[PDB]
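Secondary and tertiary structure notes
What follows is the residue order along each chain.
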Amino acid sequence: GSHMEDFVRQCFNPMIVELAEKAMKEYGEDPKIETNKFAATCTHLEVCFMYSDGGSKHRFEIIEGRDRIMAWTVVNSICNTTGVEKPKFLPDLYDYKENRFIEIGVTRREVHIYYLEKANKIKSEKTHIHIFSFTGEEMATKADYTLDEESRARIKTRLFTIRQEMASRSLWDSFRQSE
Ligand SMILES: C[C@H](C[C@@H](C[C@H](C[C@@H](C[C@@H](CCN1CCCC1=O)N1CCCC1=O)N1CCCC1=O)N1CCCC1=O)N1CCCC1=O)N1CCCC1=O
Ligand SMILES: COc1cc(CCNC(=O)c2nc(-c3ccccc3C(F)(F)F)[nH]c(=O)c2O)ccc1O
Ligand SMILES: [Mn+2]
Ligand SMILES: [Mn+2]
């Protein structure tokens, strides 16, 4: 029974916690041992959900949070509908407004290193990339941050609140030196 797991359950939405647990167990990792990964997956899930909530009521198709098979099914449908290229790796969202898959990233480094890694992994940069950080920084492909600055500011504020709570529980240091 870690302090990090209890904090993750006390701070995040129950559906988010349940989805993070299912996702981690799908790839063979236990939320009760890899607690920093647990908090990281919960944070990524919440950030993608807030992102999809931004903009119109039906602009984004959510890809993260589904089962791997069903998410791949939804991306297959999206591509075979809109003609976009089938991404080599599973993204997080799809923008119907801009007709492009979005890979959302939350990092405890600089936006530069995580963005370079994600882009190196993306190869053919058809999928848009958008990186948020726990210090309020963000970086999107071609400086196209997709949403207006109010929702992105709401996401940054949520990230910093999570960070402050972790630090007040003295769990921020181990959470930072783990990515
Ligand atoms: C109270 C309010 C609730 C949020 C819920 C929503 C998350 C997400 C819900 C599930 C649906 C589950 N399944 C099972 C299979 C079919 C299926 O659909 N998943 C996960 C995969 C994609 C998806 O749809 N949904 C549902 C509606 C759209 C959406 O994104 N969201 C979005 C903001 C953060 C959050 O949690 N809702 C409901 C609508 C408005 C809203 O905000 N909360 C919780 C805390 C913050 C907040 O506002
Ligand atoms: C084994 O690896 C995992 C893979 C998945 C399925 C697909 N992967 C993602 O969809 C995804 N995974 C991460 C990530 C990876 C490692 C640690 C922390 C994170 C983060 F959530 F905190 F950011 N980051 C993203 O941006 C992102 O899109 C699911 C769970 C896995 O542990
Ligand atoms: Mn993802
Ligand atoms: Mn992502």
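Scroll up to find the structure.
This section reports on the structure supplied with the text. (Residues numbered from 1 in each chain as written, not as in the entry; some residues may be left out. Chains lettered and ligands numbered in written order. Heavy atoms only, no water. Residues with missing side-chain atoms left out of burial classes, pairs and counts.)

Another point: the site of ligand 1. The immediate surroundings of ligand 1 are formed by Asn13, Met15, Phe49, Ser52, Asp53 and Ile62. When isolated, ligand 1 has an accessible area of 820 Å², and the protein chains bury 36% of it. Split into classes, the residues belonging to the shell around ligand 1 amount to three nonpolar, two polar and one charged. (Near = heavy atom within 4 Å. Areas by Shrake-Rupley, 256 points an atom, 1.4 Å probe, with all protein chains shown as cover. Nonpolar A, V, L, I, M, F, W, Y, C, P; charged D, E, K, R; others polar.)

Turning next to the site of ligand 2. Every residue near ligand 2 is listed here: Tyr27, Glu29, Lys37, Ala40, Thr41, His44, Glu64, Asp92, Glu103, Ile104, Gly105 and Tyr114. At 2.9 Å, a side-chain N or O of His44 approaches an oxygen atom of ligand 2. In this structure, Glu64 approaches ligand 2 through a side-chain N or O atom, which is 3.3 Å from an oxygen atom. About the coverage of ligand 2: the protein hides 71% of its 600 Å² of free accessible area. Elements supplying a minimum of two residues to the shell around ligand 2: α3 (35–53) and β3 (100–107). (Polar contact = N/O pair within 3.5 Å; in protein donor to acceptor, adjacent residues only side chain to side chain. Helix = DSSP H or I, 4+ residues; strand = E, 2+ residues; numbered from the N terminus.)

With that out of the way, let us pick up the pattern of salt bridges. Opposite charge on two side chains makes pairing possible when the charged atoms of those side chains draw close. Within the structure shown, the criterion is met by 17 salt bridges. A salt bridge links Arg100 to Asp144; the shortest N-O distance between them is 3.1 Å. Here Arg100 is found in strand β3, whereas its partner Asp144 is found in the loop between β5 (138–140) and α6 (149–168), with 44 residues between them in sequence. Taking the relative accessible area as the measure of exposure, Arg100 reaches 12% and is therefore buried. Judged by relative accessible area, which is 26%, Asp144 ranks as partly exposed. By sharing partners, the salt bridges in this structure join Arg59, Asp95, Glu98, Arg100 and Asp144 into a single network. (Salt bridge = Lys/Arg side-chain N within 4 Å of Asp/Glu carboxyl O. Buried < 20%, exposed > 50% of the residue type's maximum accessible area, 1.4 Å probe, protein only.)

Moving on, we come to the packing of α3 against α6. Two elements in contact, α3 and α6, have axes separated by 10 Å at closest approach and are oriented at 160 degrees. Taken together, the axis directions place α3 and α6 in an arrangement best described as roughly antiparallel. Along this stretch, α3 crosses α6, giving a crossing that reads as right-handed. Side by side, α3 and α6 meet where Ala39, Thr43, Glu46, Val47, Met50 and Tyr51 of the first sit next to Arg154, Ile155, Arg158, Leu159, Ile162 and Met166 of the second. (Axes fitted to C-alpha atoms, helices over the stretch in contact; angles between N-to-C directions. Parallel < 35°, antiparallel > 145°, perpendicular 65-115°, else oblique. Left-handed = near helix turned anticlockwise from the far one by under 90°. Contact = heavy atoms within 4.5 Å.)

Let's shift gears to the coordination of the manganese ion (ligand 4). Only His44 (NE2), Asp92 (OD), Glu103 (OE) and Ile104 (O) from the protein coordinate the manganese ion (ligand 4), and they sit 2.0 to 2.2 Å from it. Considering all six donor atoms around the manganese ion (ligand 4), angles at the metal cover 77 to 179 degrees and the coordination shape is octahedral. (Donors = N, O, S within 2.8 Å, 3.2 Å for Na, K, Ca; no water. Tetrahedral: all angles 85-135°; square planar, octahedral: opposite > 155°, others 65-115°.)

As a further point, take the sheet that holds strand β2 (residues 93–95). Ordered by their spatial adjacency, five strands build an open sheet running β1-β2-β3-β4-β5, and the pairing between neighbours is mixed. Where the open sheet ends on each side, the last strands, each with one partner, are β1 (60–62) and β5. Averaged over all pairs of adjacent strands, the angle between strand axes in this sheet comes to 20 degrees, irrespective of strand direction. Note that β3 and strand β4 (residues 128–133) share six bridges and pair parallel. From the neighbouring strand, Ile104 faces β4, where its bridge partner is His130. Sheet strands touched by α3: β1, β2, β3 and β4. Its angle to β3, the strand with the most contacts, is close to 135 degrees. Docked against the sheet, α6 engages β3, β4 and β5, running at close to 45 degrees with respect to β4. (Pairing = 2+ DSSP bridges.)

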